[PDB]
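To begin, one chain is listed below as structure tokens, in the form deposited in one PDB entry.
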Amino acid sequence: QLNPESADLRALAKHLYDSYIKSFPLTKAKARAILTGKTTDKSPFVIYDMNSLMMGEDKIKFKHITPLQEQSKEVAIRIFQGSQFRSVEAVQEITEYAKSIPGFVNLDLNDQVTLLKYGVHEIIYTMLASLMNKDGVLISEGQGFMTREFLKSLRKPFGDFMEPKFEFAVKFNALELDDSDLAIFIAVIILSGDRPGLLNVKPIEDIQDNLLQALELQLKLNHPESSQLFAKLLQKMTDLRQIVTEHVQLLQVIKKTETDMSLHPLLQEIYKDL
């Protein structure tokens, strides 16, 4: 119970959390409810092999996550392209959230683009953890669940495109953060003044500082018993970079190995000279 300074920090966290619920259709709260398999109304269909994938398509309504095409004749590529269009959608969701971050749209246009360019994938993997457990990941807005082993057995290049994420997710999830915490953390990620090419770093840092103050307060009030949670969370920022890097790397291999597979233009630009 304290000052007007802390009051503004609480108002900020509320605004961000509010925007978060409004920008992301599938929150961590909903993901855990589905994953903890509590209910009889939210049960996901599980894909763990070829025949379940074959049934899942029939049961699950995979809203063109892999736009028009029969069977690209390779589950591996269908699955991959799918992960791509979903990524694109995720970028759309994140971009919308970014606009709600106080001060973000007031920044220089080119810098707005730079921050999104380097921040969206770090955010994507951060939020993906919410949809994961050590055994698999939720898909189709929680309608389905694809096992970690099914993926890990796809085929040479693809067979391991999600593993690093799972390794991250299991660790990150140990922090037991909730949507109210993630909303501010993701805002911090985007307002990173050390992104390559930023024209005006100061205004960005001023904004990030306020967000960090907001995040720090949020974590002590929400997780009283979690000593140094603030620092452990910030330290996870290093794991995200690594995830992104080896992903981009695997992508260069795919590009050369699959001369016959199209990669989404938005994603290509995001990875250009990244």
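Each residue number is its position in the shown sequence, starting from 1.
Stretches 103 to 111 and 156 to 164 differ in mean C-alpha B factor, with the higher average recorded for 156 to 164. Relative to its counterpart among 8 to 16 and 254 to 262, 254 to 262 has the higher mean temperature factor, C-alpha atoms as listed in the PDB entry. Of the candidates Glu176, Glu96, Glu74, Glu89, the deposited coordinates give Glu74 the top C-alpha B factor. When the Cα B-factors of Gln218, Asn210, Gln228, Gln69 are read from the PDB record, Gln69 comes out highest. In the deposited entry, the Cα temperature factor of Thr126 places it in the lowest third of its chain's modelled residues. Split the chain's modelled residues into thirds by C-alpha temperature factor. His64 is in the highest one.
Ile34: CA B factor in the lowest third of modelled residues in this chain (values from the PDB entry).
Split the chain's modelled residues into thirds by C-alpha temperature factor. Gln249 is in the highest one. Sort the chain's modelled residues by C-alpha temperature factor and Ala169 lands in the middle third, per the entry.
A second form of this protein, the form deposited with a partner chain bound, is not displayed here; the remarks below concern that form.
Using a 4.5 Å cutoff between non-hydrogen atoms, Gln92 counts as a contact of the partner chain in the bound PDB entry. Proximity of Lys99 to the partner chain in the bound PDB entry: non-hydrogen atoms within 4.5 Å are present. The partner chain is not drawn, but in the bound PDB entry it has no heavy atom within 4.5 Å of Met132.
Among heavy atoms of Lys117, some come within 4.5 Å of the partner chain in the bound PDB entry. The stretch among 176 to 184, 106 to 114, 132 to 140, 145 to 153 whose residues place heavy atoms within 4.5 Å of the partner chain in the bound PDB entry is 106 to 114.
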